[PDB]
Structures are given as structure tokens and as C-alpha cells.
Protein chains: 2
Amino acid sequence: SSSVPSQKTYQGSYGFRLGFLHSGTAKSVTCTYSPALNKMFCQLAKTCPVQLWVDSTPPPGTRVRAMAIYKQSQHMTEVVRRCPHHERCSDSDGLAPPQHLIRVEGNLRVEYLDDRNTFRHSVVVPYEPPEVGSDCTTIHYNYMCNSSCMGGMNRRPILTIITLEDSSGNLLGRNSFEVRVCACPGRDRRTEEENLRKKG
Amino acid sequence: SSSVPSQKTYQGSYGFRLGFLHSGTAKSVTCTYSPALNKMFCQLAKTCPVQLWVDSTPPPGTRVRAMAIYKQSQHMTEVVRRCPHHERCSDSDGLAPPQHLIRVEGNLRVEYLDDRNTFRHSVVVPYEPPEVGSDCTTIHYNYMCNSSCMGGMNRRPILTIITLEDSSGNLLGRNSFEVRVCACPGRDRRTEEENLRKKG
DNA sequence: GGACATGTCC
DNA sequence: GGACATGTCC
Ligand SMILES: [Zn+2]
Ligand SMILES: [Zn+2]
């Protein structure tokens, strides 16, 4: 069995997809999303709102997991972790282990997990349906290193894989998106989309 | 008493001064020295030959200490250390503590010291006079982080202070030089000397 | 070695 | 935000 989680999109029976806020790139903003690249550009430890959309309501006890993997085949097998510098920075919120790249803020039932076999990190919260009048649920993620962090992601792109899972562990839905954590999300999104057009 | 070692040049009664190899900058070389800037440019963990010159022979038991401090007044008080990434890299040679920035290679009597009061690191070897026919003694230093290392020197310039000390601890001589540890010593020396001329 | 990268200065 | 920085790609 593979030690690398599938990144394969699975809309599933509940019509699961992700949504992202608009947009830009007015200024080198804190967080911006490129539909063309399927890529979030954001800043170190800043809020990244991700929306969960479903057509049919998941059953009670459904959970939402986020996990990072390296996007490139050459790096897929390596566990995505915080670099040694940021790991020792004591910026923990009391819940997140200092090694974990991805945090969820503002959730009283967050769980941080480390796979006993793959050693990969993930963070889980309960799924909750939208309030009446709302079409989605929003989770605030934080990425606790820059993509460029020496001894950590080291300039390698990652994907965040979001899985919708029932109590029993059945996969109900899966989506994923590329992430670049950088100093200037607005600038870098512009640069990448222009290189896509010209050279892609 | 100051927790910051003096960088004040002291040629002393023995006529102590430093010498550096020539030069460049043919290519982005591994190690190059700028007389105008009093600055060594070198690469991570590569050999940096430093020559010790004296007019009168130091007495037996004389020692040679190297220590780094931040050059800028704003950073002088902070101890110069390896970054967390390089510290944990297990590149130790069996003698140097993994936190120490400055190593001496090729010396059977090297001592690595940490000041009980200032916590500053230094590395010491016995002073030895030149062989007959030679005008100097050469020590091979290594700098085990780049100047840019996140969580370490963090792009701040350092000075290396070389002290000639007798057995008893008397200061016989002192010299110092700025260091930039970088990927492209040749390129950066050229850039800095040109900015000195134009803007200095 | 030239171009590109990507965090920082101002 | 433009210029500069500084490690990396090729
Ligand atoms: Zn980091
Ligand atoms: Zn380092």
C-alpha cells in the first residue's frame, strides 16, 4: 500500500467541492486564489479561508481532514513538515504540535494527527452544515512555513488535500489545491499566471 | 564588563597581522578577499585559508582564537550561532559542536570553547611559527552557515576576530575581518566593491 | 555566467 | 510597489 495519500478528486455522492474567496490581485494581499492554476497563494501564518460546498447533507459525525503532500513526483514520498527554525519558534497555539505545517484556527474540536505508518501530519475538524441562508461552510487554515523555508518545504510546491470522511472513515469526498506560501502572494500569482499563458 | 569582545585591531609587540590568498574574482570562486572592504567572501563549509604574520616570534604555548560577532551595532550583543537547520544536519567532524559557526580543519589540537558568561563560541589552535623559508603560518577556517541562513545570521554581516594569546591569556595581538558566506563570493565581492565606489 | 527566485528595504 | 537580495537553474 502506498505511503502517499491519493490526490484524486472525488466529488462523490454528496457533491463535495471547495470554494475560495475573491480574489485579486489588488496589492500583494495576504491570501489569493488562482482558478487557472488551482493554486492558493498566501502568507506565513495568515488566515486562509476555504469553503466547503455540498449538494446533499453529509451524515452526523462527518469530519474534514486537511493534509499536505509535495506536488512533484520527485518529492511526493517525503513527509511535509515545518522547517527546524519555525518548529522551534514557540508559536504554538496550545493545540497544534510545533512540527505541523497546517493549522486550523477558531475551532474548539480540532484534532492534530500523525499517521502511525506514514508519519504524515493532518488536521481534522467536525464537518458542520451551512447555517440557513448560507450555501457553504468556511474553515480557516494557516500554513506555518513559507514554501521557501530552508530545511522544510525548500521551494517545493505542495498540494493541500481536503477529504470529507464519515465517522466510520469512509471517504465521502476529496478535493485538493496547490499552495504557495510566500511573502508576496499578489505578485507571485501574477507572475505564475503570466508564465502559464506565455510558456505553459 | 561588556559581553561583546573588542574588535579593536592590536598589532602588538610581535607585529601581528593577517594575510589572505589571491584573489580574483576569477569566477564565483569558493573563497575571495577584498582589501578595500576588509572582507572575506566564501562558500558554506569551504576552506578559507587565513595567514598569520608576525615580526617577532611569540613565546611557546601561544594560542590562536577565532570568534565571530555581528558587525552592526544593532546586532552586536547577539551571540553568533549556526541556524537550527544546519545545527541538526549531522555534518559534525567529530570535534566541532554542531552549534558552532566557525570550524578549524586539519588540526589535531583544535579546541572548541563556549564562554561560561557570554555563551559565545570560539575555536582555538596552538600558534606555530612558520617553517624555515616561510614568512607565515596558515590556518584553514570553515564557516558552517551562509550569512543568509534563516534563524541564524539572517543576512546580517559578521566579523571574525582573530586573537593571538599567550599561555597565560595575555592578549598579544588582535585582528579582524568582515565575512560574507554566500553562494557566489565572486559575484558578491564585485557588487559590493562597485557599490562602495559609487555610493560609499 | 546569465537568468530567475523570493524575501526585504524603503 | 519598485528596487534590491541572494540562492538556484541550466
Ligand atoms: Zn519554516
Ligand atoms: Zn545555516
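To find a chain, count down the sequence lines: A is the first, B the second, and so on, and within it residues start at 1. Both backbone and side-chain heavy atoms feed into the values below; hydrogens, waters and symmetry mates do not.
Put simply, CD1 on A:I161 and CG on A:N175 are 11.0 Å apart, with the number rounded to the nearest 0.5 Å. The NE2 atom of A:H100 lies 12.5 Å from the CE atom of A:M144; values are rounded to the nearest 0.5 Å.
A:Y141 pairs with exactly one of A:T47, A:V179, A:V50 by the side chain to side chain contact (heavy atoms under 4.5 Å, CB included) rule, that one being A:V50. Checking each of A:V64, A:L95, A:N142, A:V125 against A:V104 for a side chain to side chain contact (heavy atoms under 4.5 Å, CB included) leaves exactly one that passes, namely A:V125.
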_In dot-bracket form, 5' to 3', how is DNA chain D paired? Count Watson-Crick and G-U wobble pairs only if both distances fall under 3.5 Å, and write | where the partner sits on another strand._
||||..||||
Restricting to nitrogen or oxygen on both sides, can you table the protein-nucleotides 8-10 of chain C pairs closer than 3.5 Å?
residue: C:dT8; atom: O3'; partner: B:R155; partner atom: NH2; Å: 3.4

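A continuous path of hydrophobic side-chain contacts links A:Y127 to A:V110 [ILVMFWY only; heavy atoms under 4.5 Å]. In terms of hydrophobic clustering, with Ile, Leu, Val, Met, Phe, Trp and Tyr side chains grouped at heavy-atom distances under 4.5 Å, A:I69 and A:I158 are assigned to different clusters. B:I102 is connected to B:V80 through a chain of hydrophobic side-chain contacts under 4.5 Å among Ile, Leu, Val, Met, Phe, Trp and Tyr, so both are in one cluster.
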*Mind running salt bridge (charged side-chain N to carboxylate O under 4.0 Å, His left out) on A:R88 and B:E87 for me, showing each step along the way?*
CA-CA 12 Å; A:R88 299 166 58 182; B:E87 180 187 346; 3.0 Å; yes
*Go through B:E193 and B:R189 one step at a time and tell me if the salt bridge (charged side-chain N to carboxylate O under 4.0 Å, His left out) criterion holds.*
CA-CA 6 Å; B:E193 288 179 357; B:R189 170 172 172 199; 2.8 Å; yes
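Per the geometry, NZ belonging to B:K199 stands 7 Å off P belonging to D:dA5, to the nearest Å. Rounded to a whole Å, the CE atom of B:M150 is 14 Å from the P atom of C:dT6. Put simply, CZ on A:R189 is 18 Å from P on C:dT6, counting in whole angstrom units.
The stretch residues 72-89 of chain B has no heavy atom under 4.0 Å from DNA chain D, so no residue of it qualifies as close. Less than 4.0 Å separates DNA chain C from no heavy atom of any residue of residues 24-46 of chain A.
The phosphate of D:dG7 (OP1 or OP2) has a side-chain N or O of B:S148 nearer than 4.0 angstrom.
A donor atom on one side chain and an acceptor atom on the other are not found under 3.5 Å apart for B:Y14 and B:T62.
B:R65 meets the side chain to side chain contact (heavy atoms under 4.5 Å, CB included) test with B:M67, B:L113, B:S122, B:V124, B:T163, B:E165; sequence neighbours excluded. Partners of A:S176 under the side-chain hydrogen bond (donor to acceptor under 3.5 Å, both in side chains) rule, at least two apart in sequence or in another chain, do not exist in this structure.
Within a 6.0 Å radius of NZ in B:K198, other residues, nucleotides and ligands contribute more than 12 heavy atoms.
Among the protein residues, B:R190 comes within range of no part of the nucleic acid, since none of its heavy atoms lies under 4.0 Å from any strand.
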